[PDB]
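A single chain comes next, written as structure tokens; it is the form deposited without the partner chain.
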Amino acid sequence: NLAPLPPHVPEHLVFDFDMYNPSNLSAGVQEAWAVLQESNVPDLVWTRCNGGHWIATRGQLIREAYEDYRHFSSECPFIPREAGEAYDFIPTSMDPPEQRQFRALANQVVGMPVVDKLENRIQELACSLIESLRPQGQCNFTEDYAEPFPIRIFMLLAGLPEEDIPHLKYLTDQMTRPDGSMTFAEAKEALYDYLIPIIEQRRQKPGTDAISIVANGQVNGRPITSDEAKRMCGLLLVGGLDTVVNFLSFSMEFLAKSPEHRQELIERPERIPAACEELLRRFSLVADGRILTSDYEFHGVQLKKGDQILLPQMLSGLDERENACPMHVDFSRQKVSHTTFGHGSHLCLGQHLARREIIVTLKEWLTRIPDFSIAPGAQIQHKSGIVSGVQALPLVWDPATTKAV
């Protein structure tokens, strides 16, 4: 279902990409998006799918567009439009200077200082989960680790019951990788229904959990409102539940198929931080966008006020103009160029958290299970959307080649 081309769009700029169902998804999600950076594709295209919107395809344009809040507003950041209209998360549906204060708060809950505090539980949980898996010689990495690992840690942070997981997860998934089962609005309302009660409770009877801090926070000198907190927590939730989860699977899928990469990490462990970057570059997985606030000519293309543009965070690091041999994984690249965690004012707050989770996983996994692969005759399926994912990851290994710690 293609939407009739608006009059301001030149035909030569049309490239019908479907962010929710890219053509050669079989080849992998990143490769599927990379079609956009082939020679036959202009830097800025219009797709008729998902209601019609612009896509910027080069590191350079995405970076610029992200800097330019004046022109490119976070107000309606999701495609399609109905979803972007419904989106009211804080601080992401806010432009500076309004953004600034909410950002400072969210930072209190997720910043460096919190990561630093939780470091021992992160390490504790990863070790616990790996050790538990080790002797089985087989898991479902997505369900067995990638999910519980980050999730349980967020739940700890949030002070929410692990009992809620399955439910929260269904709803978050509905937002990034729509099923068809529920609209964005519908999904958002249900998450909101979950949070309302809890927020009220923590406004009265505060604790030390992230939710308690957000609920009782100060913004622009005054007390945050109930609605505002509901809206920030909505963000925290999506962030805790939906990002690190998918990334881990992509990384692990890769590590499963590259003996030589695993080995490099085992002998020269001082390279783990470098490799984490490179993996973040190569298995980049978020794509959102901005809304034109007014008519604006950008790189010779005339954008009209109200036009939505997708600026794929995933795409920067994959652009050959940014990194030579972009689909190649090189842990010793002199310069790892990406915008996996965004660019401009909205730069991911949770990045420190994400980095710790990844790095721990890599060291702790390789220590114990150095040798593993994908279960024979497994068809590994990726999924596209706001946050791309791996459907399942069947891994197999010889218990005898493992190391108990």
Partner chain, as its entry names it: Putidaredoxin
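Positions refer to the first chain, counted from 1.
Omitted from view is the form deposited with the partner chain bound, to which the following refers.
> Okay, which stretch from 25 to 33, 46 to 54, 343 to 351, 363 to 371 lines the partner chain in the deposited bound form, with non-hydrogen atoms inside 4.5 Å?
One stretch meets the cut-off, namely 343 to 351.
> Could you tell me which one of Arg81, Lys169, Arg103, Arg271 places a heavy atom within 4.5 Å of the partner chain in the deposited bound form?
The residue from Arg81, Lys169, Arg103, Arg271 that makes the contact is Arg103.
> Looking at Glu260, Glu143, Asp193, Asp116 here, can you tell me which has any non-hydrogen atom within 4.5 angstroms of the partner chain in the deposited bound form?
Spelling it out, the residue with a heavy atom inside the cut-off is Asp116.
> Should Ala324 be counted as a contact of the partner chain in the deposited bound form, where contact means heavy atoms within 4.5 Å?
Although the partner chain is absent here, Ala324 would stay clear of it in the deposited bound form, with no heavy atoms inside 4.5 Å.
> According to a 4.5 angstroms non-hydrogen atom cut-off, is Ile266 in contact with the partner chain in the deposited bound form?
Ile266: no, not in contact with the partner chain in the deposited bound form.
> Quick one: is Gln138 in contact with the partner chain in the deposited bound form, heavy atoms, 4.5 Å cut-off?
Output for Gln138 is no: heavy atoms all beyond 4.5 Å of the partner chain.
> Using heavy atoms and a 4.5 Å limit, would one call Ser73 a contact residue for the partner chain in the deposited bound form?
Looking in the deposited bound form, residue contacts with the partner chain do not include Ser73, since no heavy atom lies within 4.5 Å.
> Taking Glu67, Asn107 and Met112 together, does each of them reach the partner chain in the deposited bound form with some heavy atom inside 4.5 Å?
Yes: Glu67, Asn107 and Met112 each sit within 4.5 Å of the partner chain in the deposited bound form.
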